[PDB]
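> I am sharing protein.txt, which consists of compact mmCIF, C-alpha atoms and all ligand atoms:
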# COMPACT_ATOMS: atom_id res chain seq x y z
CA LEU A 4696 -163.84 37.36 -232.49
CA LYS A 4697 -161.84 35.16 -230.11
CA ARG A 4698 -161.36 36.03 -226.44
CA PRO A 4699 -158.31 38.06 -225.35
CA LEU A 4700 -155.56 35.84 -223.89
CA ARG A 4701 -152.75 36.53 -221.42
CA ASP A 4702 -149.23 36.36 -222.73
CA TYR A 4703 -148.08 32.77 -222.58
CA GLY A 4704 -144.92 33.83 -220.66
CA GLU A 4705 -147.11 35.46 -218.01
CA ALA A 4706 -149.41 32.41 -217.78
CA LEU A 4707 -146.46 30.00 -217.41
CA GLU A 4708 -144.88 32.09 -214.63
CA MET A 4709 -148.26 32.33 -212.86
CA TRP A 4710 -148.71 28.54 -213.05
CA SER A 4711 -145.24 27.83 -211.76
CA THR A 4712 -145.47 30.48 -208.99
CA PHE A 4713 -148.94 29.32 -207.89
CA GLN A 4714 -147.90 25.66 -207.97
CA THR A 4715 -145.00 26.46 -205.63
CA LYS A 4716 -147.23 28.56 -203.34
CA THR A 4717 -149.91 25.87 -203.06
CA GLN A 4718 -147.91 22.61 -203.11
CA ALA A 4719 -148.35 21.77 -199.37
CA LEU A 4720 -152.01 22.81 -199.47
CA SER A 4721 -152.65 20.53 -202.47
CA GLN A 4722 -150.97 17.62 -200.63
CA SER A 4723 -153.24 18.07 -197.62
CA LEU A 4724 -156.34 18.31 -199.85
CA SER A 4725 -155.29 15.19 -201.88
CA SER A 4726 -154.71 13.14 -198.72
CA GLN A 4727 -158.13 14.07 -197.33
CA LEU A 4728 -160.03 13.58 -200.62
CA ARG A 4729 -158.42 10.15 -201.19
CA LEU A 4730 -159.87 8.97 -197.91
CA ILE A 4731 -163.27 10.56 -198.58
CA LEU A 4732 -163.48 9.50 -202.28
CA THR A 4733 -161.30 6.39 -202.43
CA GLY A 4734 -163.92 5.01 -200.16
CA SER A 4735 -167.57 5.11 -201.21
CA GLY A 4736 -166.67 3.63 -204.59
CA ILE A 4737 -163.25 4.25 -206.22
CA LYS A 4777 -165.38 0.79 -209.32
CA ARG A 4778 -166.69 4.45 -209.49
CA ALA A 4779 -164.89 7.16 -211.45
CA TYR A 4780 -165.61 10.85 -211.21
CA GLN A 4781 -166.01 13.77 -213.61
CA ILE A 4782 -165.26 17.13 -212.00
CA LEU A 4783 -165.83 20.55 -213.64
CA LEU A 4784 -163.91 23.47 -212.04
CA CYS A 4785 -166.08 26.49 -213.00
CA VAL A 4786 -164.18 29.79 -212.72
CA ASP A 4787 -165.84 33.23 -212.71
CA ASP A 4788 -164.32 35.40 -215.50
CA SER A 4789 -166.42 38.51 -214.74
CA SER A 4790 -165.02 41.95 -214.03
CA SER A 4791 -166.24 42.01 -210.38
CA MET A 4792 -163.33 39.52 -209.83
CA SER A 4793 -160.95 42.46 -210.69
CA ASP A 4794 -162.24 44.88 -208.05
CA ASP A 4795 -159.43 45.66 -205.67
CA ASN A 4796 -161.83 47.00 -203.06
CA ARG A 4797 -162.27 43.21 -202.70
CA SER A 4798 -158.47 42.47 -203.02
CA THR A 4799 -158.94 40.73 -206.40
CA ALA A 4800 -161.00 37.69 -206.00
CA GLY A 4801 -159.59 36.66 -209.39
CA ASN A 4802 -156.07 36.27 -207.91
CA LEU A 4803 -157.50 34.07 -205.12
CA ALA A 4804 -159.61 32.14 -207.67
CA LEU A 4805 -156.64 31.27 -209.93
CA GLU A 4806 -154.49 30.27 -206.94
CA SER A 4807 -157.38 28.05 -205.76
CA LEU A 4808 -157.78 26.66 -209.27
CA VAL A 4809 -154.14 25.57 -209.37
CA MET A 4810 -154.37 24.10 -205.84
CA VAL A 4811 -157.54 22.06 -206.56
CA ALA A 4812 -156.55 20.94 -210.10
CA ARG A 4813 -153.21 19.62 -208.81
CA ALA A 4814 -154.80 17.94 -205.74
CA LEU A 4815 -157.35 16.13 -207.94
CA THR A 4816 -154.78 15.12 -210.57
CA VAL A 4817 -152.69 13.00 -208.21
CA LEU A 4818 -155.82 11.03 -207.22
CA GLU A 4819 -156.20 9.49 -210.69
CA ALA A 4820 -159.87 8.85 -209.92
CA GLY A 4821 -161.46 10.44 -212.99
CA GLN A 4822 -161.50 13.31 -215.45
CA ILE A 4823 -161.02 17.00 -214.60
CA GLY A 4824 -162.36 19.81 -216.81
CA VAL A 4825 -162.37 23.64 -216.46
CA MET A 4826 -165.21 25.99 -217.51
CA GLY A 4827 -165.14 29.78 -217.52
CA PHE A 4828 -168.20 31.98 -217.22
CA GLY A 4829 -169.29 35.59 -217.27
CA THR A 4830 -171.40 36.89 -220.16
CA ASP A 4831 -170.59 33.63 -221.98
CA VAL A 4832 -169.70 30.12 -220.85
CA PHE A 4833 -166.64 28.43 -222.34
CA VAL A 4834 -164.75 25.17 -221.97
CA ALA A 4835 -161.17 26.09 -221.00
CA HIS A 4836 -160.06 22.46 -220.59
CA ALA A 4837 -162.14 19.46 -221.69
CA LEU A 4838 -162.77 16.41 -219.49
CA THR A 4839 -160.86 14.53 -222.21
CA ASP A 4840 -157.90 16.98 -222.50
CA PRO A 4841 -154.36 16.27 -221.14
CA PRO A 4842 -153.94 16.00 -217.39
CA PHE A 4843 -152.64 18.77 -215.18
CA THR A 4844 -149.29 17.01 -214.94
CA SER A 4845 -147.59 19.47 -217.29
CA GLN A 4846 -146.98 23.17 -216.76
CA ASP A 4847 -148.07 23.77 -220.38
CA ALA A 4848 -151.53 22.36 -219.79
CA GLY A 4849 -152.03 24.51 -216.67
CA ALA A 4850 -150.63 27.63 -218.34
CA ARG A 4851 -152.98 27.26 -221.34
CA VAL A 4852 -155.88 27.34 -218.89
CA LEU A 4853 -154.71 30.44 -216.96
CA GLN A 4854 -154.22 32.29 -220.30
CA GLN A 4855 -157.98 32.22 -220.87
CA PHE A 4856 -158.97 34.02 -217.63
CA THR A 4857 -158.77 37.83 -217.70
CA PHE A 4858 -161.65 38.88 -215.35
CA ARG A 4859 -163.11 41.56 -217.60
CA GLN A 4860 -166.52 40.19 -218.70
CA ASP A 4861 -169.32 42.69 -218.13
CA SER A 4862 -171.81 40.31 -216.41
CA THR A 4863 -171.95 37.19 -214.19
CA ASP A 4864 -174.50 34.82 -215.81
CA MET A 4865 -174.83 32.07 -213.20
CA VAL A 4866 -178.11 30.82 -214.71
CA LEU A 4867 -176.29 30.21 -218.01
CA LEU A 4868 -173.42 28.54 -216.10
CA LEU A 4869 -175.83 26.05 -214.48
CA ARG A 4870 -177.76 25.33 -217.72
CA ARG A 4871 -174.49 24.67 -219.59
CA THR A 4872 -172.99 22.59 -216.76
CA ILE A 4873 -176.08 20.42 -216.47
CA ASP A 4874 -176.14 19.98 -220.26
CA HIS A 4875 -172.41 19.16 -220.38
CA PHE A 4876 -172.70 16.47 -217.71
CA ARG A 4877 -175.88 15.06 -219.32
CA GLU A 4878 -174.06 14.64 -222.66
CA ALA A 4879 -171.21 12.95 -220.74
CA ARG A 4880 -173.75 10.50 -219.26
CA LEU A 4881 -175.24 9.67 -222.67
CA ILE A 4882 -171.76 9.15 -224.15
CA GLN A 4883 -170.97 6.94 -221.16
CA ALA A 4884 -174.04 4.70 -221.48
CA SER A 4885 -173.64 4.25 -225.25
CA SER A 4886 -169.98 3.22 -225.03
CA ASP A 4892 -172.30 5.53 -213.51
CA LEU A 4893 -169.87 8.37 -212.87
CA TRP A 4894 -170.06 10.68 -209.92
CA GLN A 4895 -170.32 14.17 -211.42
CA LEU A 4896 -169.25 17.21 -209.40
CA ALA A 4897 -169.12 20.95 -210.22
CA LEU A 4898 -166.97 23.24 -208.05
CA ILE A 4899 -167.69 26.96 -208.64
CA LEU A 4900 -164.86 29.41 -207.87
CA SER A 4901 -166.43 32.86 -207.78
CA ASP A 4902 -166.91 35.93 -205.61
CA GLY A 4903 -170.60 34.73 -205.37
CA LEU A 4904 -172.03 38.17 -206.37
CA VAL A 4905 -175.18 38.21 -208.56
CA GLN A 4906 -178.28 40.41 -208.39
CA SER A 4907 -180.44 39.06 -205.54
CA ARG A 4908 -183.39 38.54 -207.91
CA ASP A 4909 -181.22 35.85 -209.54
CA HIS A 4910 -181.19 33.76 -206.33
CA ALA A 4911 -184.80 32.68 -206.97
CA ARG A 4912 -183.99 32.10 -210.65
CA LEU A 4913 -181.15 29.73 -209.74
CA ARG A 4914 -183.26 27.49 -207.46
CA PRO A 4915 -185.03 25.50 -210.22
CA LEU A 4916 -181.70 24.92 -211.98
CA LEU A 4917 -180.15 23.58 -208.76
CA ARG A 4918 -183.15 21.29 -208.35
CA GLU A 4919 -182.62 20.02 -211.89
CA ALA A 4920 -178.91 19.32 -211.15
CA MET A 4921 -179.84 17.46 -207.94
CA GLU A 4922 -182.48 15.35 -209.76
CA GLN A 4923 -179.71 14.30 -212.17
CA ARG A 4924 -177.36 13.58 -209.18
CA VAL A 4925 -174.94 16.37 -210.18
CA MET A 4926 -173.32 17.66 -207.00
CA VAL A 4927 -172.74 21.43 -207.01
CA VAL A 4928 -170.41 23.06 -204.42
CA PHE A 4929 -169.84 26.82 -204.35
CA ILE A 4930 -166.43 28.17 -203.26
CA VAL A 4931 -166.96 31.84 -202.34
CA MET A 4932 -163.78 33.96 -202.88
CA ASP A 4933 -163.88 36.62 -200.09
CA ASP A 4934 -160.27 37.81 -199.62
CA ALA A 4935 -159.55 38.93 -196.02
CA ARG A 4936 -157.82 42.04 -197.37
CA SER A 4937 -161.13 43.42 -198.73
CA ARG A 4938 -161.74 46.98 -197.62
CA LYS A 4939 -164.03 47.36 -194.65
CA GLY A 4940 -167.67 47.21 -195.69
CA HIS A 4941 -166.92 45.39 -198.98
CA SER A 4942 -166.81 41.73 -197.86
CA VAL A 4943 -169.58 39.40 -199.09
CA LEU A 4944 -170.42 38.84 -195.41
CA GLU A 4945 -170.88 42.60 -194.96
CA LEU A 4946 -173.00 43.24 -198.08
CA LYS A 4947 -176.48 44.48 -197.15
CA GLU A 4948 -179.80 44.38 -199.00
CA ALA A 4949 -182.53 47.08 -198.97
CA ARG A 4950 -186.18 45.98 -199.22
CA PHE A 4951 -188.82 48.71 -199.23
CA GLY A 4952 -192.21 47.97 -197.74
CA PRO A 4953 -195.58 49.24 -198.91
CA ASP A 4954 -195.09 52.18 -196.53
CA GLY A 4955 -191.66 52.96 -198.02
CA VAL A 4956 -189.74 52.12 -194.84
CA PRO A 4957 -186.52 50.27 -195.80
CA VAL A 4958 -185.89 46.93 -194.07
CA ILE A 4959 -182.23 45.74 -194.11
CA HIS A 4960 -181.28 42.14 -194.99
CA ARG A 4961 -177.92 40.45 -195.57
CA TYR A 4962 -176.92 39.41 -199.10
CA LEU A 4963 -176.26 35.73 -198.24
CA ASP A 4964 -179.65 35.29 -196.48
CA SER A 4965 -181.14 34.10 -199.80
CA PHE A 4966 -178.00 32.56 -201.36
CA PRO A 4967 -179.52 29.53 -203.15
CA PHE A 4968 -176.62 27.03 -203.11
CA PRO A 4969 -177.12 24.58 -200.19
CA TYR A 4970 -173.45 23.48 -200.35
CA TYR A 4971 -170.83 26.24 -200.11
CA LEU A 4972 -167.79 27.46 -198.22
CA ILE A 4973 -166.26 30.92 -197.82
CA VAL A 4974 -162.46 31.37 -198.39
CA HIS A 4975 -160.80 34.46 -196.89
CA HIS A 4976 -157.21 33.14 -197.24
CA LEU A 4977 -155.76 30.70 -199.76
CA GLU A 4978 -154.76 28.42 -196.83
CA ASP A 4979 -158.49 28.10 -195.82
CA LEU A 4980 -159.41 26.03 -198.83
CA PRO A 4981 -158.18 22.40 -198.22
CA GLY A 4982 -159.63 22.08 -194.71
CA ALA A 4983 -163.00 23.58 -195.65
CA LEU A 4984 -163.56 21.81 -198.99
CA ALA A 4985 -162.59 18.45 -197.45
CA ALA A 4986 -164.85 19.04 -194.43
CA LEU A 4987 -167.79 19.87 -196.67
CA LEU A 4988 -167.38 16.76 -198.85
CA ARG A 4989 -166.60 14.52 -195.87
CA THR A 4990 -169.82 15.60 -194.14
CA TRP A 4991 -171.96 15.31 -197.28
CA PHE A 4992 -170.64 11.77 -197.94
CA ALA A 4993 -171.15 10.85 -194.26
CA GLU A 4994 -174.83 11.81 -194.69
CA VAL A 4995 -175.44 10.24 -198.09
CA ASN A 4996 -173.74 7.06 -196.85
CA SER A 4997 -176.23 7.40 -193.90
CA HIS B 28 -189.96 39.72 -210.19
CA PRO B 29 -191.30 38.92 -213.76
CA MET B 30 -188.68 37.88 -216.31
CA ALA B 31 -190.01 40.16 -219.03
CA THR B 32 -189.61 43.50 -217.16
CA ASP B 33 -187.63 43.21 -213.91
CA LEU B 34 -185.09 46.05 -213.80
CA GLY B 35 -182.60 44.41 -211.43
CA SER B 36 -180.41 46.10 -208.86
CA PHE B 37 -177.01 47.69 -208.17
CA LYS B 38 -174.56 48.01 -205.25
CA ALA B 39 -174.12 51.40 -203.60
CA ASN B 40 -171.10 52.79 -201.72
CA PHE B 41 -171.94 55.85 -199.59
CA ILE B 42 -169.16 58.40 -198.93
CA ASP B 43 -169.41 61.73 -197.09
CA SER B 44 -167.98 65.06 -198.21
CA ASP B 45 -164.58 64.11 -196.83
CA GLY B 46 -164.60 61.05 -199.08
CA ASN B 47 -164.96 58.61 -196.21
CA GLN B 48 -167.14 55.53 -196.52
CA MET B 49 -170.27 55.78 -194.36
CA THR B 50 -171.85 52.28 -194.31
CA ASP B 51 -171.44 48.77 -195.59
CA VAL B 52 -172.03 48.42 -199.32
CA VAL B 53 -175.77 47.89 -199.95
CA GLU B 54 -177.84 46.36 -202.79
CA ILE B 55 -180.73 48.57 -204.06
CA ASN B 56 -183.41 47.65 -206.61
CA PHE B 57 -183.63 50.01 -209.54
CA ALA B 58 -187.40 50.03 -209.07
CA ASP B 59 -186.76 51.64 -205.61
CA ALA B 60 -183.94 53.98 -206.59
CA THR B 61 -185.59 57.36 -205.97
CA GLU B 62 -183.41 59.97 -204.27
CA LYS B 63 -185.79 60.07 -201.33
CA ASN B 64 -185.81 56.29 -200.88
CA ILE B 65 -182.01 56.29 -200.91
CA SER B 66 -181.94 59.11 -198.34
CA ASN B 67 -184.21 57.13 -195.98
CA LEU B 68 -182.03 54.07 -196.62
CA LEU B 69 -178.82 55.84 -195.64
CA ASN B 70 -180.40 57.04 -192.37
CA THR B 71 -181.61 53.49 -191.63
CA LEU B 72 -178.16 51.99 -192.24
CA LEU B 73 -176.75 54.56 -189.80
CA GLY B 74 -179.30 53.26 -187.26
CA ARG B 75 -180.83 56.72 -186.80
CA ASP B 76 -184.30 56.91 -185.33
CA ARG B 77 -187.14 57.64 -187.69
CA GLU B 78 -187.64 61.24 -186.48
CA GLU B 79 -183.84 61.76 -186.53
CA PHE B 80 -183.44 61.40 -190.30
CA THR B 81 -181.10 63.83 -192.00
CA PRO B 82 -182.50 64.47 -195.52
CA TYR B 83 -179.79 63.74 -198.09
CA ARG B 84 -179.01 64.65 -201.67
CA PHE B 85 -176.62 62.41 -203.62
CA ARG B 86 -174.03 63.04 -206.33
CA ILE B 87 -173.44 60.06 -208.66
CA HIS B 88 -169.89 59.00 -209.54
CA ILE B 89 -169.78 57.42 -213.00
CA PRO B 90 -167.52 54.30 -213.02
CA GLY B 91 -164.68 54.39 -215.53
CA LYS B 92 -164.77 58.18 -215.97
CA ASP B 93 -163.71 61.03 -213.72
CA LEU B 94 -167.24 62.40 -213.89
CA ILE B 95 -169.70 63.26 -211.11
CA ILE B 96 -173.39 63.98 -211.77
CA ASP B 97 -174.90 66.47 -209.34
CA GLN B 98 -178.61 66.39 -210.30
CA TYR B 99 -180.38 63.13 -209.47
CA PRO B 100 -182.01 61.57 -212.59
CA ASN B 101 -185.61 60.56 -213.07
CA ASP B 102 -184.26 57.12 -214.15
CA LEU B 103 -181.00 56.00 -212.53
CA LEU B 104 -180.62 52.83 -214.64
CA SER B 105 -180.94 54.88 -217.86
CA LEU B 106 -178.46 57.51 -216.65
CA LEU B 107 -175.80 54.87 -215.91
CA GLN B 108 -176.36 53.01 -219.16
CA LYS B 109 -176.19 56.28 -221.11
CA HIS B 110 -172.68 56.72 -219.65
CA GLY B 111 -171.50 53.25 -220.72
CA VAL B 112 -172.22 51.35 -217.48
CA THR B 113 -174.08 48.58 -219.23
CA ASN B 114 -174.47 46.31 -216.17
CA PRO B 115 -174.34 48.35 -212.96
CA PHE B 116 -174.43 45.43 -210.49
CA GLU B 117 -171.06 44.19 -211.84
CA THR B 118 -169.44 47.34 -210.36
CA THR B 119 -170.16 49.28 -207.16
CA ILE B 120 -171.63 52.79 -207.64
CA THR B 121 -170.21 55.48 -205.33
CA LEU B 122 -172.78 58.00 -204.07
CA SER B 123 -171.60 61.20 -202.34
CA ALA B 124 -174.11 62.01 -199.62
CA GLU B 125 -174.90 65.70 -199.01
CA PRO B 126 -176.78 66.45 -195.76
CA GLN B 127 -179.51 68.92 -196.72
CA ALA B 128 -180.49 70.05 -193.23
MG MG C 5001 -169.20 39.17 -211.29
Render the structure in this file as structure tokens.
Ligand SMILES: [Mg+2]


Amino acid sequence: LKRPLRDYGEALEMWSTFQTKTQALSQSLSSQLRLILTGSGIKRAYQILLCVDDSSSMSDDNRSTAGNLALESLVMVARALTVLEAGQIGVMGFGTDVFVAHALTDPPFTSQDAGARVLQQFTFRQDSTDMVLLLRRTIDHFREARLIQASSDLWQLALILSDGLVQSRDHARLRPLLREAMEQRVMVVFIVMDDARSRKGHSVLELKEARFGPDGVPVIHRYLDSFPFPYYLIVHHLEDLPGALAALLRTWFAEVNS
Amino acid sequence: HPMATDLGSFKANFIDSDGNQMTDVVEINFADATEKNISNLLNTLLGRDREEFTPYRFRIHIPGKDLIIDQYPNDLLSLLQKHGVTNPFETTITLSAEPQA
């Protein structure tokens, strides 16, 4: 029953193409993160999970394929973090299931083969987007990593690359899981894929929400009004990502350092 | 609302008889998805004043098939699932709006 995989030739050409496209962006992100992170500790190492949405909403071309933008972003971020040599980098996929595409202990993203084997596993066809399961599994993964670490403190970070679309009733369901992550000092940052080439009316910033009162009069809200992740950034262009992710982490560390 | 019986929601795309999109995409709870509620919703998204509402009927486009359903179901969630749309929120549902008067 194993998941359908891209051709390896396709995945290798994607990795190589995306690496070329993003090389200057990764350099800018690495430079900024080194200053942010290689202060405030790194005697500290990190563990970072890049969590990529594998659901079929990422294939909608009314939203200019968020999945394209997510895999470009994945290559950019994985390469920027690899040159820092500050800790371990893993990759999770999620949709109806949650899977480990690349373990924290797997080879580093210094080889095309390692990156290509990751891209092979993302096809953007899963029939649901189970963010509650993602958070439960990510918390449990990082908690096992802590227990392993004691028995033998890391800074543990999850970056979620996703179009950010779940049923609005799930926003309330995600809040207790985010509290549980925060209690365990797991930092969760959401990277919303919202390609500028989305058709008019179909951007995440344009998505509306109908609430019907007792009288039956509909009151209009905006989808992100209740978005439960306190730390996120919206990417409309691949080039947006380094400046925005660095600014978010720089500001958070400025505040936690007081 | 409660875990055991909440029906969830879907995203609606409203197009007119020329096929042109009429509003932003909008999220609708299945527990609200009567044809009359959706008609009032479309008029509200167009900003029309309450006594200016055009009553609408809607034809449902089934995702993944070239199939349009002209009579509005008693249960929209069940209709979509019967046609193989197992999780409607994952894909936007196009509704053709038909001004009645
Ligand atoms: Mg999805």

> Return as JSON the centre and edge lengths, in Å with one decimal, of the box along x, y and z that encloses every atom of segment 4783-4793 of chain A in the file, padded by 4 Å per side.


{"center_x": -163.7, "center_y": 31.5, "center_z": -212.7, "size_x": 13.5, "size_y": 29.9, "size_z": 13.7}

> Pull out every residue of chain B that has at least one atom within 12 Å of chain A, counting all atoms listed in the file, and report them as a ChimeraX atom specification.

/B:28-30,33-42,47-61,63-74,76-77,90,111-119

> Any idea what's packed within 8 Å of segment 78-88 of chain B, counting all atoms listed in the file, ignoring anything in its chain fewer than 2 positions away? Could you give it as a PDB file with C-alpha atoms, keeping the file's coordinate frame?


ATOM      1  CA  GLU B  62    -183.410  59.970-204.270  1.00  0.00           C
ATOM      2  CA  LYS B  63    -185.790  60.070-201.330  1.00  0.00           C
ATOM      3  CA  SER B  66    -181.940  59.110-198.340  1.00  0.00           C
ATOM      4  CA  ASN B  67    -184.210  57.130-195.980  1.00  0.00           C
ATOM      5  CA  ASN B  70    -180.400  57.040-192.370  1.00  0.00           C
ATOM      6  CA  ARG B  75    -180.830  56.720-186.800  1.00  0.00           C
ATOM      7  CA  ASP B  76    -184.300  56.910-185.330  1.00  0.00           C
ATOM      8  CA  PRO B  90    -167.520  54.300-213.020  1.00  0.00           C
ATOM      9  CA  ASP B  93    -163.710  61.030-213.720  1.00  0.00           C
ATOM     10  CA  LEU B  94    -167.240  62.400-213.890  1.00  0.00           C
ATOM     11  CA  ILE B  95    -169.700  63.260-211.110  1.00  0.00           C
ATOM     12  CA  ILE B  96    -173.390  63.980-211.770  1.00  0.00           C
ATOM     13  CA  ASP B  97    -174.900  66.470-209.340  1.00  0.00           C
ATOM     14  CA  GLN B  98    -178.610  66.390-210.300  1.00  0.00           C
ATOM     15  CA  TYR B  99    -180.380  63.130-209.470  1.00  0.00           C
ATOM     16  CA  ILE B 120    -171.630  52.790-207.640  1.00  0.00           C
ATOM     17  CA  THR B 121    -170.210  55.480-205.330  1.00  0.00           C
ATOM     18  CA  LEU B 122    -172.780  58.000-204.070  1.00  0.00           C
ATOM     19  CA  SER B 123    -171.600  61.200-202.340  1.00  0.00           C
ATOM     20  CA  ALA B 124    -174.110  62.010-199.620  1.00  0.00           C
ATOM     21  CA  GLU B 125    -174.900  65.700-199.010  1.00  0.00           C
ATOM     22  CA  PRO B 126    -176.780  66.450-195.760  1.00  0.00           C
ATOM     23  CA  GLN B 127    -179.510  68.920-196.720  1.00  0.00           C
ATOM     24  CA  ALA B 128    -180.490  70.050-193.230  1.00  0.00           C
TER      25      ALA B 128
END

> Given only C-alpha atoms and all ligand atoms as the basis, pick out the residue of A:4799, A:4996, A:4807, A:4839 nearest to ligand MG 5001 (chain C).

A:4799

> So how many Å separate atom CA of residue 4932 of chain A and atom CA of residue 4808 of chain A, to one decimal?

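Distance reported for this atom pair: 11.4 Å.
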
> Select, from A:4787, A:4878, A:4708, A:4964, the residue with the minimum atom-to-atom distance to ligand MG 5001 (chain C), counting only C-alpha atoms and all ligand atoms.

A:4787

> Compile the contact shell of segment 4826-4828 of chain A as number ranges by chain: residues with an atom at most 6 Å away, counting all atoms listed in the file, same-chain residues fewer than 5 positions apart removed.

A: 4785-4788, 4833-4835

> To one decimal in Å, tell me the separation between atom CA of residue 4913 of chain A and atom CA of residue 4872 of chain A.

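So the answer is 12.9 Å.
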
> Which distance in Å separates atom CA of residue 4901 of chain A and atom CA of residue 4804 of chain A, to one decimal?

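Interatomic distance here is 6.9 Å.
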
> Every residue with an atom at most 9 Å from (-170.0, 18.2, -207.2) (file coordinates; all atoms listed in the file) is what I'm after, so could you write them as a ChimeraX atom specification?

/A:4781-4783,4894-4898,4924-4928,4988
